[PDB]
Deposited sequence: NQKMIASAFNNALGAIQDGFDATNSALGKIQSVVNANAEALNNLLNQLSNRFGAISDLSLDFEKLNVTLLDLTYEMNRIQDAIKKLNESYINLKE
């Protein structure tokens, strides 16, 4: 029954690291995707000006930049990691 328990707890560690790396990637993805979204939006404005400094005014009906929010997800994963913590000893 030690091999099971040991294999078990050994698997939980592995799992938590998996979700840990995932949450990290998620965090790294929101950052880049958003950083680029801002670069894009800020580019739209710098264009609306120079196409006027010269109708050459942009069509924003199809120039809508979206931002990503993964806080809800990353928190839920953190709960899972924490919950998994609830499965170990007791002899």
Taking the deposited sequence from residue 1, the uncovered stretches are 1, 56, 94-95
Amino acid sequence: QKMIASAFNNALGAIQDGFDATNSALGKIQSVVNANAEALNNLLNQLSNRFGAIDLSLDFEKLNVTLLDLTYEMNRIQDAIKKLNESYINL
From here on, numbers count along this sequence of modelled residues.
Residue range whose averaged C-alpha B-factor is higher in the record, 56-64 or 40-48: 56-64
When the Cα temperature factors in the entry are averaged, is it 71-79 or 19-27 that ends up higher? 71-79
